[PDB]
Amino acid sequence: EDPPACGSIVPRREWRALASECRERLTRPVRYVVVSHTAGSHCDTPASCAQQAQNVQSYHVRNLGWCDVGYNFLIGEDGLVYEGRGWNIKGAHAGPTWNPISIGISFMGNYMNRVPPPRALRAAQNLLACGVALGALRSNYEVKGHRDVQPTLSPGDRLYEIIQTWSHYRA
């Protein structure tokens, strides 16, 4: 209901996203945020991360047959947030119980033995705070690791350990 700008998000067109065919909406405010890792290549420049977002969406859309990249937002090691399905569209990232009731954000990389740099972590958390400001997320949203809702190594041991320390984390 409120107006103002918040965070910086690389818009779909900027990373050359194929148009989205998704139409199923999320009911705001969303209560849950599920953090995953793509378990794909990482990137650390805006040019390489735009390409990585395009690659992940390519895989989801072209190979998995989904209506769009599965994540609502992707986070690059360049410290930028990449617009996925966005705040209003149900994503495909955490199974049928979780997809309809959460926002999925994914760090582009494999964090089993590596951590995302502080800039990626800041972008992620700042994105969530913007979500709250926009009324897209509940002021009391809860952040979970992908492994807290599905059997998976995601978001990677190292990254999971870090999100466990976030303010809104509730396993």
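When you see a residue number, it is the position in the sequence shown, counting from 1.
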remark   = Taking the deposited Cα B-factors and averaging over 91-99 and over 77-85, the higher mean is found in 91-99
task = Determine, for stretches 17-25 and 151-159, which one has the higher mean CA B-factor as deposited.
result = 17-25
key: Top residue by Cα temperature factor, when 119, 37, 114, 31 are compared in the entry   = 114
Cα B factor band for residue 63 (lowest, middle or highest third within the chain) = highest
ask   = What third of its chain's C-alpha B-factors does residue 134 belong to: lowest, middle or highest?
value = highest
